[PDB]
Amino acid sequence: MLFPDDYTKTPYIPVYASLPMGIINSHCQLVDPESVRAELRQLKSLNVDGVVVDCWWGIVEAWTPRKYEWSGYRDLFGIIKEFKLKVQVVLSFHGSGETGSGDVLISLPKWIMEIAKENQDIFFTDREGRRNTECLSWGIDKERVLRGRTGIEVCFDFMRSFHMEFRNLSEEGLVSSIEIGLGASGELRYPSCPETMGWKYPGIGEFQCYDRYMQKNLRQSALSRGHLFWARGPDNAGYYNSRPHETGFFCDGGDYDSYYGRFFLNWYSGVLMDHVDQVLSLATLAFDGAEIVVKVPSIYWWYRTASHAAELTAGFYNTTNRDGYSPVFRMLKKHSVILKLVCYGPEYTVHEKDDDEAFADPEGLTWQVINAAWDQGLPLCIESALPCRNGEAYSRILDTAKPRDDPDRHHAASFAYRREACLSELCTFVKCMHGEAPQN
């Protein structure tokens, strides 16, 4: 058949399915409950264990600070409960569309966009002055610029509101975990590859450290090193679609490995680490007893180079001489969080046919990140695009969730994915993920 489907006597790994992006409208109303029941019926027919519910900041705290609207999500959680499904909750502090249009448009809160009109520096900013309007810059974590609150306080207040509204669901076992959606796409990363600004694979992306608050942080860090001239972002790093060889920062023997470059990359990746460190401490406070999940991206292009430029601009200081994931994962381990790794996403042939000559290694990056996490004792969740009729794509997910090469039988804690042709194969895949004999 399509793929070898004999995973019997392997652990039962629960499967979670995403829901339609526009399931709840901009006024936080369930658009069509009966349509939700229809989709949940089909998911149970497949033996899917649960659903991913994305709770959008722009829908819940839409109109004015400190006022939260949850009724649509209450209604949705009620329906899911009727179907005896589990819920992976995702708190999205970002808009949609960092990668492209998508089904619906979900923006940041209207009151945030109003603030932005007078203070564009609340957004991640690139060297050319373009603002990323998909999420708030980490530079305002401690800056009381959001109508009397800081970036951290707004995120904390939102989390506390979810727990006040929905503490029962976790106690009941309905909600399996709560994912903190950190960056412009919910993944732990700088927004270094914005589609709206023209990034196309395999562009190295750009450093996002040019808003005035991050620049002030960078200036203080440089002065404390004794180097006033280090208070700068790299000027020889090229552009969103550059290749590393054609840049002075990222090329072999380039400035990424100088005293300045090492200082800047340590500062840049350290700001990312500090942001997540502070948010997770408060997420543990807001959701006492809940499993917390953070999502990391698979930035595998230019992985087969010295400087790993695409990881660098995304904020992971991972080079041929430096492990950029283990420091992050040590910090995650101290918060007892689960790592969700985006694996084998859509449009994977950006390297099957390496027409772009991207020096990429998706499999190698995946297993560096997985092994780095298991070295930490970090539990691992997998998220992947679901194929329809590619057996090799199905086996790749299964052989990543159930590694086989590991002695301790390190399986993924869960798998999440975002015509009865695809349905039949998907049904076989779920039985494989459950460790069951596949027939019928």
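Sequential numbering from 1, following the sequence displayed.
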query	finding
Unresolved deposited residues in the interval that joins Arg418 and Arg419	4 to 9
Given 58-66 and 390-398, the range whose Cα B-factors average higher in the PDB entry	390-398
Between 431-439 and 2-10 (mean CA B-factor, as deposited), the higher	2-10
Most elevated Cα B-factor in the entry, residues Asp274, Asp288, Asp255, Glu311	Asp288
Member of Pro109, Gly97, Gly364, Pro327 with the greatest C-alpha B factor (per the PDB record)	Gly97
Third of the chain, ranked by Cα B-factor, where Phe83 sits	highest
Chain-wide C-alpha B factor ranking for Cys343, given as lowest, middle or highest third	highest
Within-chain third of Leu380 by Cα B-factor, per the entry	highest
Position of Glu206 among the chain's modelled residues by C-alpha B-factor, lowest, middle or highest third	middle
Where the record places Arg219 (Cα B-factor, split into thirds across the chain)	lowest
